[PDB]
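Dumped structure20.txt below, it's compact mmCIF, N, CA and C atoms and all ligand atoms:
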```
# COMPACT_ATOMS: atom_id res chain seq x y z
N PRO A 1 26.68 6.42 6.84
CA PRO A 1 27.06 5.08 6.39
C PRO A 1 26.67 4.86 4.94
N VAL A 2 27.51 4.13 4.22
CA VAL A 2 27.31 3.88 2.80
C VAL A 2 27.08 2.40 2.53
N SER A 3 27.92 1.54 3.09
CA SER A 3 27.82 0.10 2.88
C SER A 3 28.19 -0.62 4.17
N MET A 4 27.77 -1.87 4.26
CA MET A 4 28.10 -2.74 5.38
C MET A 4 28.90 -3.93 4.87
N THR A 5 29.41 -4.71 5.81
CA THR A 5 30.23 -5.86 5.46
C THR A 5 29.42 -6.87 4.64
N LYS A 6 30.04 -7.36 3.57
CA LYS A 6 29.40 -8.34 2.69
C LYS A 6 29.65 -9.73 3.26
N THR A 7 28.60 -10.37 3.74
CA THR A 7 28.70 -11.69 4.34
C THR A 7 27.93 -12.71 3.52
N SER A 8 28.45 -13.93 3.50
CA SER A 8 27.80 -15.04 2.81
C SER A 8 27.87 -16.27 3.70
N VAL A 9 26.72 -16.91 3.91
CA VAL A 9 26.62 -18.08 4.77
C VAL A 9 26.20 -19.27 3.93
N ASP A 10 26.99 -20.34 3.99
CA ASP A 10 26.63 -21.58 3.31
C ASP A 10 25.52 -22.26 4.10
N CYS A 11 24.34 -22.36 3.50
CA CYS A 11 23.20 -22.92 4.20
C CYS A 11 23.42 -24.40 4.53
N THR A 12 23.97 -25.16 3.58
CA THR A 12 24.14 -26.59 3.79
C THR A 12 25.19 -26.87 4.87
N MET A 13 26.34 -26.19 4.79
CA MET A 13 27.39 -26.42 5.78
C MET A 13 26.99 -25.90 7.15
N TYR A 14 26.22 -24.81 7.21
CA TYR A 14 25.79 -24.30 8.51
C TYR A 14 24.80 -25.23 9.17
N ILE A 15 23.79 -25.69 8.41
CA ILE A 15 22.76 -26.53 9.00
C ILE A 15 23.31 -27.92 9.33
N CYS A 16 24.06 -28.51 8.40
CA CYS A 16 24.38 -29.93 8.47
C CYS A 16 25.85 -30.24 8.67
N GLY A 17 26.71 -29.23 8.71
CA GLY A 17 28.14 -29.51 8.81
C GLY A 17 28.62 -30.25 7.58
N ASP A 18 29.29 -31.37 7.80
CA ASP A 18 29.78 -32.23 6.74
C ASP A 18 29.17 -33.62 6.84
N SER A 19 27.87 -33.68 7.10
CA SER A 19 27.14 -34.93 7.27
C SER A 19 26.22 -35.14 6.07
N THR A 20 26.36 -36.29 5.41
CA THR A 20 25.52 -36.59 4.26
C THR A 20 24.10 -36.99 4.66
N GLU A 21 23.94 -37.65 5.80
CA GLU A 21 22.60 -38.00 6.26
C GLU A 21 21.78 -36.74 6.52
N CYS A 22 22.40 -35.74 7.14
CA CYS A 22 21.70 -34.49 7.39
C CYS A 22 21.38 -33.77 6.08
N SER A 23 22.26 -33.87 5.09
CA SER A 23 21.98 -33.27 3.79
C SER A 23 20.78 -33.93 3.11
N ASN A 24 20.71 -35.26 3.18
CA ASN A 24 19.57 -35.97 2.61
C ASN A 24 18.28 -35.58 3.33
N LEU A 25 18.33 -35.43 4.65
CA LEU A 25 17.16 -34.96 5.38
C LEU A 25 16.83 -33.50 5.05
N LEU A 26 17.85 -32.69 4.77
CA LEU A 26 17.64 -31.29 4.44
C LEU A 26 16.96 -31.13 3.09
N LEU A 27 17.23 -32.05 2.16
CA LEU A 27 16.58 -31.97 0.85
C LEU A 27 15.06 -32.13 0.93
N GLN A 28 14.54 -32.62 2.06
CA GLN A 28 13.10 -32.78 2.20
C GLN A 28 12.36 -31.46 2.32
N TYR A 29 13.06 -30.36 2.62
CA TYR A 29 12.40 -29.07 2.81
C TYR A 29 12.34 -28.23 1.55
N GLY A 30 12.83 -28.73 0.42
CA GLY A 30 12.73 -28.01 -0.83
C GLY A 30 13.97 -27.18 -1.11
N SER A 31 13.76 -25.91 -1.44
CA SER A 31 14.84 -25.02 -1.86
C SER A 31 15.00 -23.84 -0.90
N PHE A 32 14.91 -24.10 0.40
CA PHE A 32 15.12 -23.04 1.39
C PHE A 32 16.55 -22.52 1.32
N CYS A 33 17.51 -23.43 1.21
CA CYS A 33 18.92 -23.05 1.19
C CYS A 33 19.22 -22.16 -0.01
N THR A 34 18.63 -22.48 -1.16
CA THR A 34 18.82 -21.68 -2.36
C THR A 34 18.29 -20.26 -2.16
N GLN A 35 17.11 -20.13 -1.55
CA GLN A 35 16.56 -18.80 -1.31
C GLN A 35 17.46 -17.99 -0.39
N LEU A 36 17.96 -18.61 0.68
CA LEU A 36 18.80 -17.88 1.62
C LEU A 36 20.10 -17.43 0.97
N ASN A 37 20.75 -18.32 0.21
CA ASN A 37 21.97 -17.95 -0.49
C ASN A 37 21.71 -16.83 -1.50
N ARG A 38 20.58 -16.91 -2.20
CA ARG A 38 20.23 -15.89 -3.19
C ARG A 38 20.05 -14.53 -2.53
N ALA A 39 19.34 -14.48 -1.40
CA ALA A 39 19.13 -13.21 -0.72
C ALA A 39 20.44 -12.61 -0.24
N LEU A 40 21.32 -13.44 0.34
CA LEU A 40 22.59 -12.92 0.81
C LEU A 40 23.45 -12.41 -0.34
N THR A 41 23.43 -13.12 -1.48
CA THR A 41 24.17 -12.65 -2.65
C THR A 41 23.64 -11.31 -3.15
N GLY A 42 22.31 -11.15 -3.16
CA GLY A 42 21.74 -9.88 -3.57
C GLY A 42 22.17 -8.73 -2.67
N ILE A 43 22.20 -8.97 -1.36
CA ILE A 43 22.68 -7.94 -0.44
C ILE A 43 24.14 -7.60 -0.74
N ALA A 44 24.96 -8.62 -0.97
CA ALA A 44 26.38 -8.39 -1.23
C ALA A 44 26.59 -7.54 -2.47
N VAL A 45 25.83 -7.81 -3.54
CA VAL A 45 25.96 -7.00 -4.75
C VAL A 45 25.47 -5.57 -4.50
N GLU A 46 24.40 -5.43 -3.73
CA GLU A 46 23.85 -4.11 -3.46
C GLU A 46 24.84 -3.23 -2.71
N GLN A 47 25.70 -3.84 -1.88
CA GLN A 47 26.71 -3.03 -1.18
C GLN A 47 27.70 -2.39 -2.16
N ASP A 48 28.16 -3.16 -3.16
CA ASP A 48 29.04 -2.59 -4.17
C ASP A 48 28.33 -1.50 -4.96
N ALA B 1 28.20 -32.31 -13.19
CA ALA B 1 29.54 -32.51 -12.66
C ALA B 1 30.61 -32.62 -13.75
N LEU B 2 30.25 -32.39 -15.02
CA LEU B 2 31.22 -32.56 -16.10
C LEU B 2 32.33 -31.52 -16.01
N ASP B 3 31.97 -30.25 -15.89
CA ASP B 3 32.95 -29.17 -15.86
C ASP B 3 32.29 -27.96 -15.21
N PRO B 4 33.08 -26.96 -14.79
CA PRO B 4 32.48 -25.78 -14.15
C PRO B 4 31.43 -25.08 -14.99
N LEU B 5 31.61 -25.03 -16.31
CA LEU B 5 30.61 -24.39 -17.16
C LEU B 5 29.27 -25.12 -17.08
N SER B 6 29.30 -26.45 -17.15
CA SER B 6 28.06 -27.21 -17.05
C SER B 6 27.46 -27.13 -15.66
N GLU B 7 28.30 -27.05 -14.62
CA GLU B 7 27.78 -26.85 -13.27
C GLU B 7 27.07 -25.51 -13.15
N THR B 8 27.64 -24.46 -13.75
CA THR B 8 26.97 -23.17 -13.77
C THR B 8 25.65 -23.24 -14.53
N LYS B 9 25.64 -23.93 -15.67
CA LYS B 9 24.41 -24.07 -16.44
C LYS B 9 23.34 -24.80 -15.64
N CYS B 10 23.73 -25.87 -14.94
CA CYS B 10 22.78 -26.70 -14.21
C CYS B 10 22.36 -26.07 -12.88
N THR B 11 23.14 -25.12 -12.36
CA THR B 11 22.70 -24.38 -11.18
C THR B 11 21.62 -23.36 -11.54
N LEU B 12 21.75 -22.71 -12.69
CA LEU B 12 20.80 -21.69 -13.12
C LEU B 12 19.55 -22.27 -13.76
N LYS B 13 19.48 -23.60 -13.91
CA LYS B 13 18.34 -24.26 -14.56
C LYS B 13 18.11 -23.72 -15.97
N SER B 14 19.21 -23.48 -16.69
CA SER B 14 19.13 -22.96 -18.04
C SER B 14 20.31 -23.47 -18.85
N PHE B 15 20.11 -23.57 -20.16
CA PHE B 15 21.16 -24.01 -21.07
C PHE B 15 22.04 -22.86 -21.56
N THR B 16 21.66 -21.62 -21.29
CA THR B 16 22.45 -20.45 -21.66
C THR B 16 22.77 -19.65 -20.41
N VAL B 17 24.04 -19.29 -20.25
CA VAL B 17 24.52 -18.53 -19.11
C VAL B 17 25.03 -17.19 -19.61
N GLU B 18 24.51 -16.10 -19.04
CA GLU B 18 24.92 -14.77 -19.44
C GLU B 18 26.25 -14.40 -18.78
N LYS B 19 26.83 -13.30 -19.25
CA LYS B 19 28.11 -12.84 -18.72
C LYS B 19 27.98 -12.49 -17.25
N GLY B 20 28.93 -12.95 -16.45
CA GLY B 20 28.94 -12.66 -15.04
C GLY B 20 29.65 -13.76 -14.28
N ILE B 21 29.60 -13.65 -12.95
CA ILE B 21 30.21 -14.60 -12.04
C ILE B 21 29.11 -15.19 -11.16
N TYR B 22 29.06 -16.51 -11.09
CA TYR B 22 27.97 -17.22 -10.42
C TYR B 22 28.53 -18.15 -9.36
N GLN B 23 27.88 -18.17 -8.20
CA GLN B 23 28.26 -19.08 -7.12
C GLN B 23 27.58 -20.43 -7.36
N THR B 24 28.38 -21.48 -7.52
CA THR B 24 27.87 -22.79 -7.88
C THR B 24 27.88 -23.77 -6.71
N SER B 25 29.03 -23.99 -6.09
CA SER B 25 29.13 -24.97 -5.01
C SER B 25 30.24 -24.53 -4.06
N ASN B 26 30.71 -25.45 -3.23
CA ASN B 26 31.75 -25.16 -2.27
C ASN B 26 32.87 -26.18 -2.37
N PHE B 27 34.11 -25.68 -2.34
CA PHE B 27 35.29 -26.52 -2.26
C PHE B 27 35.57 -26.90 -0.82
N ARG B 28 35.96 -28.16 -0.62
CA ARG B 28 36.20 -28.71 0.71
C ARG B 28 37.25 -29.80 0.60
N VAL B 29 38.17 -29.83 1.56
CA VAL B 29 39.24 -30.83 1.55
C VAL B 29 38.73 -32.09 2.25
N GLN B 30 38.69 -33.20 1.51
CA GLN B 30 38.23 -34.45 2.07
C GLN B 30 39.30 -35.05 2.99
N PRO B 31 38.88 -35.74 4.05
CA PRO B 31 39.86 -36.39 4.94
C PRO B 31 40.52 -37.57 4.25
N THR B 32 41.69 -37.93 4.76
CA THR B 32 42.50 -39.00 4.19
C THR B 32 42.60 -40.24 5.07
N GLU B 33 42.80 -40.07 6.38
CA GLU B 33 43.02 -41.20 7.27
C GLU B 33 42.08 -41.11 8.47
N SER B 34 41.93 -42.23 9.15
CA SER B 34 41.15 -42.32 10.38
C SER B 34 42.09 -42.53 11.56
N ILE B 35 41.94 -41.71 12.59
CA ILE B 35 42.80 -41.74 13.77
C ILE B 35 41.93 -42.00 14.99
N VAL B 36 42.31 -43.00 15.78
CA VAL B 36 41.64 -43.33 17.03
C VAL B 36 42.66 -43.25 18.15
N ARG B 37 42.33 -42.52 19.21
CA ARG B 37 43.25 -42.31 20.33
C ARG B 37 42.51 -42.62 21.63
N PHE B 38 42.77 -43.79 22.19
CA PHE B 38 42.16 -44.27 23.42
C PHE B 38 43.23 -44.54 24.47
N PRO B 39 42.86 -44.50 25.75
CA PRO B 39 43.86 -44.67 26.81
C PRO B 39 44.50 -46.05 26.79
N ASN B 40 45.69 -46.11 27.38
CA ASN B 40 46.57 -47.27 27.38
C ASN B 40 46.08 -48.37 28.31
N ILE B 41 44.98 -48.15 29.02
CA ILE B 41 44.44 -49.14 29.94
C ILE B 41 43.92 -50.34 29.15
N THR B 42 44.03 -51.52 29.76
CA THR B 42 43.59 -52.76 29.13
C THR B 42 42.75 -53.63 30.07
N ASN B 43 42.83 -53.40 31.38
CA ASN B 43 42.09 -54.22 32.35
C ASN B 43 40.59 -54.19 32.05
N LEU B 44 40.02 -55.37 31.84
CA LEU B 44 38.61 -55.48 31.51
C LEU B 44 37.74 -55.12 32.71
N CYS B 45 36.58 -54.54 32.42
CA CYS B 45 35.66 -54.14 33.48
C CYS B 45 35.09 -55.37 34.18
N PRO B 46 34.83 -55.27 35.49
CA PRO B 46 34.28 -56.40 36.25
C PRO B 46 32.77 -56.55 36.09
N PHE B 47 32.34 -56.60 34.82
CA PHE B 47 30.89 -56.68 34.52
C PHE B 47 30.36 -58.03 34.91
N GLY B 48 31.18 -59.06 34.68
CA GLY B 48 30.73 -60.44 34.94
C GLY B 48 30.39 -60.61 36.41
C1 LIG C 101 30.12 -65.55 34.49
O1 LIG C 101 30.97 -66.64 34.83
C2 LIG C 101 31.42 -67.39 33.69
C3 LIG C 101 32.23 -68.56 34.20
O2 LIG C 101 33.49 -68.12 34.73
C4 LIG C 101 34.20 -69.02 35.53
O3 LIG C 101 33.67 -68.97 36.86
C5 LIG C 101 33.60 -67.62 37.38
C6 LIG C 101 32.89 -67.71 38.71
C7 LIG C 101 35.00 -67.05 37.49
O4 LIG C 101 35.75 -67.76 38.47
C8 LIG C 101 35.70 -67.13 36.13
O5 LIG C 101 37.07 -66.74 36.26
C9 LIG C 101 35.62 -68.53 35.56
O6 LIG C 101 36.17 -68.57 34.25
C10 LIG C 101 32.24 -66.46 32.82
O7 LIG C 101 32.84 -67.21 31.76
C11 LIG C 101 34.21 -67.10 31.57
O8 LIG C 101 34.56 -65.87 30.97
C12 LIG C 101 35.97 -65.75 30.71
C13 LIG C 101 36.21 -64.35 30.20
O9 LIG C 101 35.84 -64.24 28.83
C14 LIG C 101 36.36 -66.83 29.70
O10 LIG C 101 37.74 -66.71 29.37
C15 LIG C 101 38.19 -66.92 28.06
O11 LIG C 101 38.05 -68.28 27.62
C16 LIG C 101 38.42 -68.49 26.25
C17 LIG C 101 38.02 -69.90 25.90
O12 LIG C 101 38.20 -70.78 27.01
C18 LIG C 101 39.91 -68.23 26.09
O13 LIG C 101 40.11 -67.34 24.99
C19 LIG C 101 40.48 -67.63 27.36
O14 LIG C 101 40.56 -68.64 28.37
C20 LIG C 101 39.63 -66.48 27.86
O15 LIG C 101 40.15 -65.94 29.07
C21 LIG C 101 36.11 -68.20 30.33
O16 LIG C 101 36.40 -69.25 29.42
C22 LIG C 101 34.66 -68.34 30.79
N1 LIG C 101 34.52 -69.53 31.60
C23 LIG C 101 33.65 -70.50 31.32
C24 LIG C 101 33.51 -71.57 32.36
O17 LIG C 101 33.02 -70.52 30.27
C25 LIG C 101 31.31 -65.39 32.26
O18 LIG C 101 32.01 -64.50 31.41
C26 LIG C 101 30.65 -64.61 33.40
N2 LIG C 101 29.59 -63.77 32.89
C27 LIG C 101 29.78 -62.55 32.38
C28 LIG C 101 28.55 -61.71 32.20
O19 LIG C 101 30.90 -62.13 32.08
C1 LIG C 102 50.80 -47.03 26.84
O1 LIG C 102 51.02 -46.86 28.23
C2 LIG C 102 51.83 -45.79 28.72
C3 LIG C 102 50.95 -44.83 29.47
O2 LIG C 102 50.11 -45.53 30.35
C4 LIG C 102 52.67 -45.13 27.62
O3 LIG C 102 53.75 -44.40 28.15
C5 LIG C 102 53.23 -46.24 26.76
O4 LIG C 102 54.18 -45.77 25.84
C6 LIG C 102 52.06 -46.83 25.98
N1 LIG C 102 52.44 -48.04 25.28
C7 LIG C 102 52.24 -48.22 23.96
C8 LIG C 102 52.71 -49.54 23.42
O5 LIG C 102 51.71 -47.38 23.25
```
Any chance you could give the structure as structure tokens?
Amino acid sequence: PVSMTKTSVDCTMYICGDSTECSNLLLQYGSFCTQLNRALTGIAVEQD
Amino acid sequence: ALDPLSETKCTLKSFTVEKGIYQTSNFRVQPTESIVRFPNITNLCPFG
């Protein structure tokens, strides 16, 4: 094996769907969503 | 929110953006109308 499928998950849409109240509550946890998106992007680049 | 370049700048927390492609946000189609579909019954409940 050389590479695997490049997947990207939207943290905000996955956790909260399309709800603004849930997004406001999600902002209380800091930058977890940013870290998760960053890690997935790094994996995607590493596959190429 | 001024333009995609400024959104890229404000996502990276920097005033200078190097050459490359950056994930900034997500496009989503907003709804237009509200639809309610309830049964044709009208007889009030015998709560009284
Ligand atoms: C408890 O009972 C009262 C009184 O109801 C009267 O006596 C009952 C034993 C039954 O025989 C009823 O048929 C009778 O009216 C209830 O009050 C009544 O509720 C109805 C339904 O909303 C009222 O009807 C409306 O009245 C307005 C203004 O007059 C008009 O838009 C129409 O006439 C519409 O139908 C009715 O006026 C009202 N009756 C009295 C005397 O106020 C009461 O609702 C019930 N309790 C609960 C929890 O529902
Ligand atoms: C509501 O009632 C019946 C079904 O119970 C339906 O066929 C009819 O077309 C409806 N009427 C209206 C005004 O939508």
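Selection of all polymer residues within 8 Å of ligand LIG 102 (chain C) on the basis of only C-alpha atoms and all ligand atoms gives residues 39, 40 and 41 of chain B.
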Hey, which bits of chain B sit within 8 Å of ligand LIG 101 (chain C), and for each residue what's the closest pair of atoms and how far apart in Å (one decimal), counting only C-alpha atoms and all ligand atoms, rows by chain and increasing number, as a Markdown table?
```
| residue | atom | partner | partner_atom | distance |
| --- | --- | --- | --- | --- |
| B:46 | CA | C:LIG101 | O19 | 7.9 |
| B:47 | CA | C:LIG101 | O19 | 6.0 |
| B:48 | CA | C:LIG101 | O19 | 3.3 |
```
Problem set entry | Contacts of segment 2-17 of chain B within 12 Å, only C-alpha atoms, excl. fewer than 3 positions in-chain, as a PyMOL selection string | (chain A and resi 34+38) or (chain B and resi 20-26)
Could you work out an axis-aligned box for segment 31-41 of chain B, taking every atom the file lists and adding 8 Å on each side, and report centre and edge lengths in Å to one decimal, as AutoDock Vina command-line options?
```
--center_x 42.7 --center_y -43.0 --center_z 17.0 --size_x 23.7 --size_y 30.6 --size_z 41.9
```
For this session: Quick one: pull the distance between atom N of residue 39 of chain A and atom C of residue 18 of chain A, Å, one decimal.
Result: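 Computing the Euclidean distance for atom N of residue 39 of chain A and atom C of residue 18 of chain A yields 23.0 Å.
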Problem set entry | Per-residue DSSP, chain B, filtered to alpha helix (DSSP H), as JSON, numbers by chain | {"B": [4, 5, 6, 7, 8, 9, 10, 11]}
Problem set entry | Between atom CA of residue 32 of chain A and atom CA of residue 10 of chain A, distance in Å (one decimal) |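 Taking atom CA of residue 32 of chain A and atom CA of residue 10 of chain A, their separation equals 11.8 Å.
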Exercise. Hey, can you check how far atom C of residue 44 of chain A sits from atom N of residue 29 of chain A?
Worked result: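 For atom C of residue 44 of chain A relative to atom N of residue 29 of chain A, the distance reads 27.0 Å.
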Exercise. Can you tell me, as JSON, numbers by chain, what residues are no more than 8 Å from residue 48 of chain A when counting all atoms listed in the file, ignoring any on the same chain fewer than 3 positions away?
Worked result: {"A": [3, 4, 6, 43, 44, 45]}
For this session: Can you pull out every residue within 12 Å of residue 14 of chain A, counting only C-alpha atoms, but drop anything in the same chain fewer than 3 positions away, and send it as a list in words?
Result: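 The contact residues come out as residues 8, 9, 10, 11, 17, 18, 19, 22, 23, 26, 33, 36 and 37 of chain A.
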Generate N, CA, C and O atoms for segment 10-32 of chain A and emit them as a short mmCIF file (atom, residue, chain, number, x, y, z; two decimals), in the frame of the given file.
```
data_model
loop_
_atom_site.label_atom_id
_atom_site.label_comp_id
_atom_site.auth_asym_id
_atom_site.auth_seq_id
_atom_site.Cartn_x
_atom_site.Cartn_y
_atom_site.Cartn_z
N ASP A 10 26.99 -20.34 3.99
CA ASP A 10 26.63 -21.58 3.31
C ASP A 10 25.52 -22.26 4.10
O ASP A 10 25.73 -22.69 5.24
N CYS A 11 24.34 -22.36 3.50
CA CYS A 11 23.20 -22.92 4.20
C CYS A 11 23.42 -24.40 4.53
O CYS A 11 23.14 -24.84 5.65
N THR A 12 23.97 -25.16 3.58
CA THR A 12 24.14 -26.59 3.79
C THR A 12 25.19 -26.87 4.87
O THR A 12 24.96 -27.68 5.77
N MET A 13 26.34 -26.19 4.79
CA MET A 13 27.39 -26.42 5.78
C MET A 13 26.99 -25.90 7.15
O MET A 13 27.39 -26.48 8.17
N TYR A 14 26.22 -24.81 7.21
CA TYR A 14 25.79 -24.30 8.51
C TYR A 14 24.80 -25.23 9.17
O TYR A 14 24.92 -25.55 10.35
N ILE A 15 23.79 -25.69 8.41
CA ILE A 15 22.76 -26.53 9.00
C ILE A 15 23.31 -27.92 9.33
O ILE A 15 23.07 -28.46 10.41
N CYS A 16 24.06 -28.51 8.40
CA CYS A 16 24.38 -29.93 8.47
C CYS A 16 25.85 -30.24 8.67
O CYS A 16 26.21 -31.41 8.80
N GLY A 17 26.71 -29.23 8.71
CA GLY A 17 28.14 -29.51 8.81
C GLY A 17 28.62 -30.25 7.58
O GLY A 17 28.39 -29.83 6.44
N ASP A 18 29.29 -31.37 7.80
CA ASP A 18 29.78 -32.23 6.74
C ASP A 18 29.17 -33.62 6.84
O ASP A 18 29.85 -34.64 6.68
N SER A 19 27.87 -33.68 7.10
CA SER A 19 27.14 -34.93 7.27
C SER A 19 26.22 -35.14 6.07
O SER A 19 25.40 -34.27 5.75
N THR A 20 26.36 -36.29 5.41
CA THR A 20 25.52 -36.59 4.26
C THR A 20 24.10 -36.99 4.66
O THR A 20 23.15 -36.70 3.92
N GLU A 21 23.94 -37.65 5.80
CA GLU A 21 22.60 -38.00 6.26
C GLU A 21 21.78 -36.74 6.52
O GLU A 21 20.60 -36.67 6.15
N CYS A 22 22.40 -35.74 7.14
CA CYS A 22 21.70 -34.49 7.39
C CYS A 22 21.38 -33.77 6.08
O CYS A 22 20.34 -33.12 5.97
N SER A 23 22.26 -33.87 5.09
CA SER A 23 21.98 -33.27 3.79
C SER A 23 20.78 -33.93 3.11
O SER A 23 19.92 -33.25 2.53
N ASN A 24 20.71 -35.26 3.18
CA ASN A 24 19.57 -35.97 2.61
C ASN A 24 18.28 -35.58 3.33
O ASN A 24 17.23 -35.43 2.69
N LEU A 25 18.33 -35.43 4.65
CA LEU A 25 17.16 -34.96 5.38
C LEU A 25 16.83 -33.50 5.05
O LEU A 25 15.66 -33.11 5.05
N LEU A 26 17.85 -32.69 4.77
CA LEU A 26 17.64 -31.29 4.44
C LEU A 26 16.96 -31.13 3.09
O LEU A 26 16.21 -30.17 2.88
N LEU A 27 17.23 -32.05 2.16
CA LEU A 27 16.58 -31.97 0.85
C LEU A 27 15.06 -32.13 0.93
O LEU A 27 14.37 -31.80 -0.03
N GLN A 28 14.54 -32.62 2.06
CA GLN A 28 13.10 -32.78 2.20
C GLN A 28 12.36 -31.46 2.32
O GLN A 28 11.14 -31.43 2.14
N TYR A 29 13.06 -30.36 2.62
CA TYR A 29 12.40 -29.07 2.81
C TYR A 29 12.34 -28.23 1.55
O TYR A 29 11.83 -27.11 1.59
N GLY A 30 12.83 -28.73 0.42
CA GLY A 30 12.73 -28.01 -0.83
C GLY A 30 13.97 -27.18 -1.11
O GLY A 30 15.09 -27.69 -1.02
N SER A 31 13.76 -25.91 -1.44
CA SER A 31 14.84 -25.02 -1.86
C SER A 31 15.00 -23.84 -0.90
O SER A 31 15.21 -22.70 -1.32
N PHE A 32 14.91 -24.10 0.40
CA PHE A 32 15.12 -23.04 1.39
C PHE A 32 16.55 -22.52 1.32
O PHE A 32 16.78 -21.30 1.36
#
```
